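Novice:
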Amino acid sequence: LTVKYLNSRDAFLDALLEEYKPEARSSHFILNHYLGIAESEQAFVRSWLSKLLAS
Amino acid sequence: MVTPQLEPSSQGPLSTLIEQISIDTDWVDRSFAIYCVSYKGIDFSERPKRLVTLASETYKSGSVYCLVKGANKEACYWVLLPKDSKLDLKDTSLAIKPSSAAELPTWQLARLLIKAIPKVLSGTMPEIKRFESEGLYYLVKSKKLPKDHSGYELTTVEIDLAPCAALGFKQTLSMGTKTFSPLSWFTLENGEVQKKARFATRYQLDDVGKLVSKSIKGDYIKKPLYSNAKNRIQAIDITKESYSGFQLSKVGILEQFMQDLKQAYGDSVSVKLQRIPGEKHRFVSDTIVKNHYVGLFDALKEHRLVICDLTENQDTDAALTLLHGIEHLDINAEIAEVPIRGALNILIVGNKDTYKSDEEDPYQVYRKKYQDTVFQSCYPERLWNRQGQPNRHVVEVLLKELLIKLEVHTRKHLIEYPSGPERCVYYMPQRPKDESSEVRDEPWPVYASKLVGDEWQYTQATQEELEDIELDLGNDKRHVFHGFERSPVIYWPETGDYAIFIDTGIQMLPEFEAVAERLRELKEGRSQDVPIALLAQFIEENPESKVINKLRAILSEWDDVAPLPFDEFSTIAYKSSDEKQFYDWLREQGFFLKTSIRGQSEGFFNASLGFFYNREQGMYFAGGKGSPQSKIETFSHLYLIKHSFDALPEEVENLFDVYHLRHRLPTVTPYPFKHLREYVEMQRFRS
DNA sequence: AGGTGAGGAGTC
DNA sequence: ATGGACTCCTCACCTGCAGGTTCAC
DNA sequence: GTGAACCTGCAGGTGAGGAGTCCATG
Ligand SMILES: [Mg+2]
Numbered sequence: 002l003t004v005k006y007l008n009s010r011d012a013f014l015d016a017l018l019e020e021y022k023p024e025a026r027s028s029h030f031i032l033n034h035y036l037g038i039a040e041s042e043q044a045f046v047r048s049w050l051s052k053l054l055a056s
Numbered sequence: 011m012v013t014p015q016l017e018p019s020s021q022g023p024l025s026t027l028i029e030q031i032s033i034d035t036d037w038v039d040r041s042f043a044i045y046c047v048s049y050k051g052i053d054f055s056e057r058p059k060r061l062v063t064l065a066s067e068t069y070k071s072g073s074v075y076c077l078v079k080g081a082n083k084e085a086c087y088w089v090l091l092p093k094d095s096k097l098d099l100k101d102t103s104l105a106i107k108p109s110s111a112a113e114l115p116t117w118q119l120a121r122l123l124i125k126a127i128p129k130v131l132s133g134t135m136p137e138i139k140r141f142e143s144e145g146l147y148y149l150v151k152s153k154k155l156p157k158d159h160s161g162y163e164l165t166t167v168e169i170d171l172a173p174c175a176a177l178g179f180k181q182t183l184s185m186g187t188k189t190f191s192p193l194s195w196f197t198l199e200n201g202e203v204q205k206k207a208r209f210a211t212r213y214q215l216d217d218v219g220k221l222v223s224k225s226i227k228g229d230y231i232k233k234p235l236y237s238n239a240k241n242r243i244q245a246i247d248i249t250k251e252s253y254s255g256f257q258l259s260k261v262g263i264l265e266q267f268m269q270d271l272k273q274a275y276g277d278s279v280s281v282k283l284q285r286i287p288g289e290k291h292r293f294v295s296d297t298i299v300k301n302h303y304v305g306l307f308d309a310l311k312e313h314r315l316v317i318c319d320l321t322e323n324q325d326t327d328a329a330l331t332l333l334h335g336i337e338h339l340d341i342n343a344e345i346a347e348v349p350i351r352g353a354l355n356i357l358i359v360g361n362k363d364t365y366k367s368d369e370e371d372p373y374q375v376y377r378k379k380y381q382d383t384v385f386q387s388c389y390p391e392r393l394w395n396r397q398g399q400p401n402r403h404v405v406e407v408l409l410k411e412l413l414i415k416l417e418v419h420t421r422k423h424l425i426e427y428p429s430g431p432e433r434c435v436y437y438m439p440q441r442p443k444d445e446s447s448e449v450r451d452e453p454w455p456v457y458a459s460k461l462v463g464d465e466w467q468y469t470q471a472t473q474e475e476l477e478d479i480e481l482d483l484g485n486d487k488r489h490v491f492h493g494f495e496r497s498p499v500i501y502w503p504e505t506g507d508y509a510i511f512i513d514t515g516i517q518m519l520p521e522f523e524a525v526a527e528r529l530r531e532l533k534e535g536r537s538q539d540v541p542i543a544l545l546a547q548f549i550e551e552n553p554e555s556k557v558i559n560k561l562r563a564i565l566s567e568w569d570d571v572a573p574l575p576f577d578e579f580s581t582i583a584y585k586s587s588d589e590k591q592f593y594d595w596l597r598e599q600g601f602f603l604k605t606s607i608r609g610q611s612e613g614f615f616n617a618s619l620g621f622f623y624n625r626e627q628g629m630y631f632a633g634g635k636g637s638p639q640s641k642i643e644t645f646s647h648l649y650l651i652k653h654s655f656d657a658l659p660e661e662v663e664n665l666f667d668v669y670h671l672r673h674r675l676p677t678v679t680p681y682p683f684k685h686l687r688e689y690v691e692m693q694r695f696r697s
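If you read the sequences in order, they're chains A and B.
For the first sequence, our numbering begins at 2 and goes up steadily by one.
For the second sequence, our numbering begins at 11 and goes up steadily by one.
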């Protein structure tokens, strides 16, 4: 049985968003425009998505 | 007349005032076409409809990229068309005259090269009608509409040029927030468009450059959602040292604008900014303000303070809450059911509009009867914040204002103000409060204050004094005795000298190129995962260092082979002595993670702090205190002093050294101009 | 009828 | 169907702790 | 010898942040 604890990684998600839409400029703009979260719901979203993709 | 004879500049704060505009006339004349559509000398009294039709018909036909309007007393309009183009117009009420690209003022032409050729910098001539309204609109934010509609509201930043009347019509940049809304939101379900949106210029979004542009086809008009409201974008943002957040501000778009004039024009056109000279700059700490306010409250301690409530349908413990806030400052007050005569009074009243016209407003009534008493009032809704906790700030403000009126009433200063120029009289114009006072040139009363011995004297200026002032003002009497906005003046009776302080319009800018380079290096550094062997080496080489204890923890919870990411170093800060060496040692090997950007030795964030004064040019500005924050939302302005002096007196500099007019921040207004403005308020109820 | 400044909407 | 100029409107601010230096008695 | 002021410049901010189901009643 192997166990691992995962923390939050923002640089992990930053590059992935850029590769998803390579013709944009920044990362917050991609997250806000093409995906559907406003500025209030940004920290919490980053938090879970990083860990999910890392697993 | 006086000309703005500035300096070529070497160092100092950076300004939004353009120093020089360079355009290669040969590259423009040989690549484009300029014409002239003259409507001078036809009829100056039949302008309205003919000018309307002039603009509309000139837009109707011709491959026109853009067109600007010339001076009201100058040649024609100005149009821009590509090479081998035609401005054929059937009507001959106006005459066309082709010209060159070296026969226009520089700013007019540069405006044309800023509008439409940057918007076409990918594709041009695909259809019949094309035009760009004004400026460039980059995109920073989108918001989803309510569930019953579709589309998004868009937020944009606008860049354009404008003149500056105060500095001899020199050119200034601008940056403004504008909002776009979908078309269907203003259209009724029966297909009847509302009156406002029936005739509205339409716009269209883009997916490549993120630029909103003009087009006949498009589902967007320039108007907010609900009604009169405001949307704003922050000035600068360096939160967590990220380069993505620095790209979404009003100084991040400005960096992109200079990178778009290069990739469409090369080096033919460039814009250079001006640095105001400066040698006297006084940073303000936090302890001095604190010690000032302590002595402020001590004087108020030795008096009587009463709180009263005069609401109709009494509710809420506003008196109790306010008294608690006051008593936390060692100032003891009381509660009364009716106001007392001869004591400082803070009254709680209701909304002014609610009470009927002939209803006897509690405030007005209890004022007019008691004519030797200081008064204050507040609404009961302002003592509670958004989350329900009491609001401290309001309490401090009310107490400070009470002291100011007490000082006016007793005619003798209580706290130690500095000294100012002597033998001078203070005059302030006052607008009539009658609703009929929409007359522009109608004479206003002017009130006068002065100091004799140790007592201030307050009186309404007589007619003779008013005749004396206007004679010596000269061309500057328009700012004192004319217009809808009249400014006060200090006058010298013996020599005939005046002082006027004028807001100009420039916003001070901090450094943005030097910050951006550092942020990009940090972003590149924070991408790789640091190998384990390097950390082991560091532990071996420096046994004494205290940081080791932290390191050993992290390595104990991680895989022994997998590299360590940046996020595992969050527990160690860049603050202590042994914590700086570790990060520098990693930097030498190619891992750059943390650095310092807000140090005062660096000097990047100095345009938004302290008090700045230049005596020989008479320029000054004020900003914040302490240390720069991550988020700043306002740009400081620039002011100019107009004088008739051979050399400006050295005593004026002391009138800006008071810390209780802007509530813990430096001010840009002399202190003697505040007391007098509180005497023109308790004189509207005397008779 | 907290305050001073800095600044976005609606029309001759 | 068009452009750029005054006047009135709304909105945000008003930090905080930790580590190295220094007198003041 | 020491402990009170005194003097920079790096962090962190309202709370916490969703599905699935049994039965009687006009
Ligand atoms: Mg007042």
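Beta carbons: idealized from backbone N, C-alpha and C, even for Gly.
Could you check the C-alpha separation between residue 5 of chain A and residue 574 of chain B for me, to the nearest Å?
Specialist: Here residue 5 of chain A corresponds to residue number 4 of the first sequence, with the count starting at 1. Here residue 574 of chain B corresponds to residue number 564 of the second sequence, with the count starting at 1. Distance between the alpha carbons of residue 5 of chain A and residue 574 of chain B: 14 Å.
Novice: Given 8 Å as the limit, is there contact between the segment 127-139 of chain B and the segment 102-114 of chain B, that is, 3 or more CB pairs closer than that?
Specialist: Judged by Cβ distances under 8 Å, the segment 127-139 of chain B makes no contact with the segment 102-114 of chain B, as fewer than three pairs qualify.
Novice: Evaluate residue 192 of chain B with the Cβ neighbour count: other Cβ atoms within 10 Å of its Cβ, from every protein chain shown; 16 or more gives buried, anything less gives exposed.
Specialist: As a working mapping, residue 192 of chain B is identified with position 182 in the second sequence. Answer is buried; the Cβ neighbour count reaches 16.
Novice: Quick one: any contact between the segment 557-570 of chain B and the segment 196-215 of chain B, if contact means 3 or more CB pairs under 8 Å?
Specialist: The segment 557-570 of chain B is not in contact with the segment 196-215 of chain B.
Novice: Note down, in chain order, every chain B residue with its Cβ under 9 Å from the Cβ of residue 47 of chain A.
Specialist: Translated into positions along the first sequence, residue 47 of chain A becomes position 46. Residues of chain B passing the Cβ test: none, with the nearest at roughly 12 Å.
Novice: Is any heavy atom in ligand 1 found nearer than 7 Å to the beta carbon of residue 663 of chain B?
Specialist: Taking the first residue of the second sequence as position 1, residue 663 of chain B is located at position 653. No, since every heavy atom of ligand 1 falls outside the 7 Å radius drawn around the Cβ of residue 663 of chain B.
Novice: Taking residue 257 of chain B as the query, report the chain A residues whose CB atoms sit under 9 Å from its CB, ordered along the chain.
Specialist: The count along the second sequence starts at 1 and reaches residue 257 of chain B at position 247. Result: 26, 27, 29 and 30.
Novice: Between residue 571 of chain B and chain A, is there a C-beta pair that is closer than 8 Å?
Specialist: Sequence index remark: in the second sequence, residue 571 of chain B carries index 561 (1-based). It does not; no Cβ of chain A falls within 8 Å.
Novice: In its own chain, which residues sit with a C-beta less than 7 Å from the C-beta of residue 533 of chain B, not counting the 5 before and 5 after it?
Specialist: Taking the second sequence and counting its residues from 1, one reaches residue 533 of chain B at position 523. Exclusion of the five residues before and after residue 533 of chain B leaves 253 as the residues of its chain whose Cβ lies within less than 7 Å of its Cβ.
Novice: Sorry if obvious, but does the Cβ on residue 504 of chain B come closer than 7 Å to a heavy atom of ligand 1?
Specialist: Here residue 504 of chain B refers to the residue found at position 494 of the second sequence. Not so, every heavy atom of ligand 1 lies at least 7 Å from the Cβ.
Novice: Can you find the residues in the same chain that come closer than 7 Å, C-beta to C-beta, to residue 686 of chain B, ignoring five residues on each side of it along the sequence?
Specialist: The count along the second sequence starts at 1 and reaches residue 686 of chain B at position 676. Excluding sequence neighbours, residue 686 of chain B sits near 436, 438, 457 and 459.
Novice: Going by the DSSP bridge assignment, what does residue 629 of chain B pair with across the sheet?
Specialist: Residue mapping note: residue 629 of chain B aligns to position 619 of the second sequence, counting from 1. According to DSSP, which records beta bridges pairwise, residue 629 of chain B is partnered with B/624 and B/650.
Novice: Taking the C-alpha atoms as reference points, what is the distance between residue 274 of chain B and residue 36 of chain B?
Specialist: Residue numbering aside, residue 274 of chain B sits at position 264 when the second sequence is read from its first letter. Residue numbering aside, residue 36 of chain B sits at position 26 when the second sequence is read from its first letter. One C-alpha to the other measures close to 16 Å.
Novice: Does any C-beta atom of chain A lie closer than 8 Å to the C-beta of residue 602 of chain B?
Specialist: Here residue 602 of chain B corresponds to residue number 592 of the second sequence, with the count starting at 1. No - not a single Cβ of chain A is within 8 Å of the one on residue 602 of chain B.
Novice: Between the segment 150-157 of chain B and the segment 110-122 of chain B, do three or more beta carbon pairs fall short of 8 Å?
Specialist: no
Novice: Contact criterion: CB-CB distance below 8 Å. Does residue 41 of chain A meet it with respect to chain B?
Specialist: Taking the first sequence and counting its residues from 1, the one referred to as residue 41 of chain A is at position 40. Output row for residue 41 of chain A: interface = no.
Novice: Give me, in chain order, the residues of the same chain whose beta-carbon lies closer than 6 Å to that of residue 267 of chain B; leave out the 5 immediate sequence neighbours on both sides.
Specialist: For this step, residue 267 of chain B is matched to residue 257 along the second sequence. Contacts found: 169.
Novice: Is it buried or exposed, residue 676 of chain B, if we count other Cβ atoms within 10 angstroms and call 16 or more buried?
Specialist: Counted from its first residue, the second sequence places residue 676 of chain B at position 666. Classification for residue 676 of chain B: buried.
Novice: Quick one: Cα of residue 311 of chain B to Cα of residue 388 of chain B, how far?
Specialist: Here residue 311 of chain B corresponds to residue number 301 of the second sequence, with the count starting at 1. Here residue 388 of chain B corresponds to residue number 378 of the second sequence, with the count starting at 1. Each residue's Cα considered, the two are about 21 Å apart.
Novice: Tell me which residue opens and which closes the beta strand (DSSP E) that residue 387 of chain B is part of.
Specialist: Here the question's residue 387 of chain B lines up with position 377 in the second sequence. Here the beta strand (DSSP E) through residue 387 of chain B covers 385-388.
Novice: What distance in whole Å lies between the Cβ atoms of residue 466 of chain B and residue 433 of chain B, which are believed to be in contact at a cut-off of 8 Å?
Specialist: Looking up residue 433 of chain B in the second sequence gives position 423. Looking up residue 466 of chain B in the second sequence gives position 456. Their Cβ separation, rounded to whole angstroms, is 15 Å, which puts residue 433 of chain B and residue 466 of chain B out of contact at 8 Å.
Novice: Flag this pair as yes or no: are the beta carbons of residue 166 of chain B and residue 222 of chain B separated by less than 8 Å?
Specialist: On the second sequence, position 156 is the one that residue 166 of chain B refers to. On the second sequence, position 212 is the one that residue 222 of chain B refers to. Yes, Cβ-Cβ distance for residue 166 of chain B and residue 222 of chain B is below 8 Å.
Novice: Closer than 7 Å: is that where the CB of residue 406 of chain B sits relative to any heavy atom of ligand 1?
Specialist: Taking the first residue of the second sequence as 1, we reach residue 406 of chain B at position 396. No; taking the cut-off as 7 Å, the Cβ of residue 406 of chain B has no heavy atom of ligand 1 nearer than that.
Novice: Just by C-beta distance, which residues in the segment 143-174 of chain B are closer than 9 Å to chain A?
Specialist: 149, 150, 151, 152, 153, 154 and 162
Novice: Just grab the DSSP bridge partners of residue 31 of chain B for me.
Specialist: Sequence index remark: in the second sequence, residue 31 of chain B carries index 21 (1-based). Residue 31 of chain B is bridged to B/281.
Novice: Please name the residue, chosen from B/585, B/581 and B/262, that lies closest to residue 605 of chain B on a Cα-to-Cα basis.
Specialist: Along the second sequence, one-based indexing puts residue 605 of chain B at 595. Checking every option, the nearest Cα to that of residue 605 of chain B belongs to B/585.
Novice: At which residues does the beta strand (DSSP E) containing residue 458 of chain B begin and terminate?
Specialist: The residue labelled residue 458 of chain B in the question sits at position 448 within the second sequence. Run containing residue 458 of chain B: 456-462, per the beta strand (DSSP E) assignment.
Novice: Is the beta carbon of residue 355 of chain B sitting closer than 8 Å to the one on residue 307 of chain B?
Specialist: On the second sequence, residue 355 of chain B is found 345 positions in, with the first residue counted as 1. On the second sequence, residue 307 of chain B is found 297 positions in, with the first residue counted as 1. No, these two residues do not count as a Cβ contact at 8 Å.
Novice: Using beta carbons (cut-off 8 Å, strictly below), is residue 530 of chain B in contact with chain A?
Specialist: As a working note, residue 530 of chain B is residue 520 in the second sequence. Closer than 8 Å: no.
Novice: Just to make sure I have the definition right: I need the residues of chain A whose C-beta is within less than 9 Å of the C-beta of residue 218 of chain B. Which are they?
Specialist: Here residue 218 of chain B refers to the residue found at position 208 when the second sequence is read from its first residue. Neighbours of residue 218 of chain B in chain A, taken as residues at a C-beta separation under 9 Å, are given in chain order as 24.
Novice: Run the CB neighbour count on residue 15 of chain A, radius 10 Å, all protein chains shown included, and call it buried at 16 or more, exposed below.
Specialist: Your numbering for residue 15 of chain A matches position 14 in the first sequence. Within 10 angstroms of the beta-carbon of residue 15 of chain A lie 16 or more other beta-carbons, which makes it buried.
Novice: Could you check what DSSP says for residue 45 of chain B in three-state terms: helix, strand or coil?
Specialist: Taking the first residue of the second sequence as 1, we reach residue 45 of chain B at position 35. If DSSP states are grouped into helix, strand and coil, residue 45 of chain B belongs with the strands.
Novice: Leaving out five residues before and five after residue 411 of chain B in sequence, what residues of the same chain have Cβ atoms less than 8 Å from its Cβ?
Specialist: Taking the second sequence and counting its residues from 1, one reaches residue 411 of chain B at position 401. Closer than 8 Å at the Cβ level, and outside the excluded window around residue 411 of chain B, lie 386.
Novice: Which residues does DSSP pair with residue 188 of chain B in a beta bridge?
Specialist: Within the second sequence, residue 188 of chain B is the residue found at index 178, counting from 1. In the DSSP output, where bridge partners are listed per residue, residue 188 of chain B has B/166.
Novice: Beta-carbon of residue 536 of chain B versus every beta-carbon of chain A: anything under 8 Å?
Specialist: To locate residue 536 of chain B, count along the second sequence from 1; it is residue 526. It does; some Cβ of chain A falls within 8 Å.
Novice: I need the straight-line Cα distance from residue 502 of chain B to residue 17 of chain B, nearest angstrom please.
Specialist: For the purposes of this step, residue 502 of chain B is taken as the residue at position 492 of the second sequence. For the purposes of this step, residue 17 of chain B is taken as the residue at position 7 of the second sequence. Between the alpha carbons of residue 502 of chain B and residue 17 of chain B lies a distance of about 31 Å.
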